[PDB]
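S.K.: Quick one: the structure is below, questions incoming.
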Amino acid sequence: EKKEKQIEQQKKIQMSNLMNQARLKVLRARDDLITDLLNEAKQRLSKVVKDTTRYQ
Amino acid sequence: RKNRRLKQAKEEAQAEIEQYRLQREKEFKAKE
């Protein structure tokens, strides 16, 4: 009974770990999207620099 | 039949105990 209880506890722990990894994946996706946004902003800033009338 | 019964039932219960121990420890592996 003790051994069976230990395995029924390890299944809880593994399920919690799976849900946590899912959460972190979905947060990292959003973070990468924000980074893509900032990169597009940098590129548009460079394009603005290309024009010297607005650069002055 | 004092001694006969006592130290024959001793190994009788030896066999019984090992029997039930294995029959309890196998479905463990099954669900595991």
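Residue numbers start at 1 in each chain; chains themselves are named A, B, ... in the order of the structure tokens; ligands are numbered from 1 in the order shown.
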Counting only C-alpha atoms, which residues from chain B have an atom at most 12 Å from any atom of chain A, and could you show them as a compact mmCIF listing (two decimals) with N, CA and C atoms, in the first residue's frame?

M.R.:
```
# COMPACT_ATOMS: atom_id res chain seq x y z
N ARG B 24 0.17 -10.63 -4.32
CA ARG B 24 -0.10 -9.22 -4.05
C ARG B 24 0.82 -8.29 -4.81
N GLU B 25 2.07 -8.69 -5.03
CA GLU B 25 3.03 -7.81 -5.68
C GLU B 25 3.01 -7.87 -7.20
N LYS B 26 2.13 -8.67 -7.81
CA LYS B 26 2.11 -8.63 -9.28
C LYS B 26 1.16 -7.58 -9.89
N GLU B 27 -0.09 -7.49 -9.42
CA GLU B 27 -0.97 -6.45 -9.96
C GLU B 27 -0.41 -5.05 -9.71
N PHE B 28 0.45 -4.91 -8.70
CA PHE B 28 1.27 -3.71 -8.54
C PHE B 28 1.97 -3.36 -9.85
N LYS B 29 2.76 -4.30 -10.38
CA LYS B 29 3.44 -4.09 -11.65
C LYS B 29 2.44 -3.83 -12.77
N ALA B 30 1.30 -4.51 -12.74
CA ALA B 30 0.29 -4.32 -13.79
C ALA B 30 -0.14 -2.86 -13.89
N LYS B 31 -0.61 -2.29 -12.79
CA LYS B 31 -1.05 -0.89 -12.83
C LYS B 31 0.13 0.07 -12.99
N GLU B 32 1.31 -0.30 -12.47
CA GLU B 32 2.50 0.51 -12.70
C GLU B 32 2.84 0.60 -14.18
```
